[PDB]
Enquirer: 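The structure follows.
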Amino acid sequence: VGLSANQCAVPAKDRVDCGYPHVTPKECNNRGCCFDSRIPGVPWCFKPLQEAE
Ligand SMILES: CC(=O)N[C@H]1[C@@H](O[C@@H]2[C@H](O)[C@@H](O)[C@H](O)O[C@@H]2CO)O[C@H](CO)[C@@H](O)[C@@H]1O
């Protein structure tokens with residue numbers, strides 16, 4: 001698995017959108033991003049935490 005659980009534990013308020021409305025989980029995965037639909041009204045597809053570039 002590429003992204004770890006800890007990389008995707010991003011508080012809702014800090015999430016940076018990596019997708020767009022109605023983006024699918026697979027599209028999100030294919031961008032190297034985190035998917036979470038549990039919390040409404042915040043990005044469901046968001047950038048992971050990782051070491052900086
Ligand atoms: C209000 C908000 O931040 N919306 C996000 C979020 O949208 C989800 C989903 O993709 C939509 O189809 C649905 O209608 O609303 C969801 C949120 O409740 O996530 C997407 C993807 O990250 C963002 O582009 C939206 O801006």
Side-chain angles (χ1 to χ4, degrees), residues 1-52:
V1 185
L3 290 172
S4 81
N6 281 5
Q7 291 184 278
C8 289
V10 183
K13 291 157 170 158
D14 298 315
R15 287 175 183 186
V16 181
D17 195 4
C18 174
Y20 46 87
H22 311 285
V23 62
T24 64
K26 283 189 193 178
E27 179 64 34
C28 192
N29 290 357
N30 277 21
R31 298 181 169 206
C33 284
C34 304
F35 193 90
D36 183 20
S37 60
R38 185 176 61 78
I39 307 167
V42 306
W44 282 5
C45 178
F46 52 94
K47 289 294 192 169
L49 313 166
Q50 54 174 341
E51 302 285 306

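These numbers come from the heavy atoms of this one structure, side chains and all, not from hydrogens, waters or symmetry mates. We number each residue from 1, following the sequence as shown.
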Enquirer: Please list, chain by chain and in numerical order, all residues satisfying side chain to side chain donor-acceptor pair (under 3.5 Å) with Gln7, sequence neighbours excluded.
Expert: none
Enquirer: According to side-chain hydrogen bond (donor to acceptor under 3.5 Å, both in side chains), does anything in residues 23-34 pair up with another residue at least two apart or in another chain? List the pairs.
Expert: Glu27-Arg31
Enquirer: Would you list the pairs meeting salt bridge (charged side-chain N to carboxylate O under 4.0 Å, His left out) in which at least one residue belongs to residues 38-49, sequence neighbours left out?
Expert: none
Enquirer: Any chance you could pull the hydrophobic cluster mates of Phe35, using side-chain heavy atoms under 4.5 angstrom and chaining through other members?
Expert: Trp44
Enquirer: What pairs of residues pass the side-chain hydrogen bond (donor to acceptor under 3.5 Å, both in side chains) test when at least one of them lies in residues 10-22, not counting sequence neighbours?
Expert: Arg15-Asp36
Enquirer: Taking all atoms of both residues into account, what is the closest heavy-atom pair of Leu3 and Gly32, and its distance?
Expert: CD1-O, 3.7 Å
Enquirer: Under a single-linkage rule joining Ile, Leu, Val, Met, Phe, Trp and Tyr whose side-chain heavy atoms are separated by less than 4.5 Å, which residues share a cluster with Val10?
Expert: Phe46, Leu49
Enquirer: Could you check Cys34 against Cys28 for disulfide (SG to SG under 2.5 Å), going step by step and ending with a plain yes or no?
Expert: CA-CA 7 Å; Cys34 304; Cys28 192; over 6 Å; no
Enquirer: Ignoring hydrogens, what is the shortest heavy-atom contact between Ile39 and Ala12? Give both atom names and the distance.
Expert: CD1-CB, 4.0 Å
Enquirer: If you measure SG to SG, does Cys33 sit under 2.5 Å from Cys45?
Expert: no
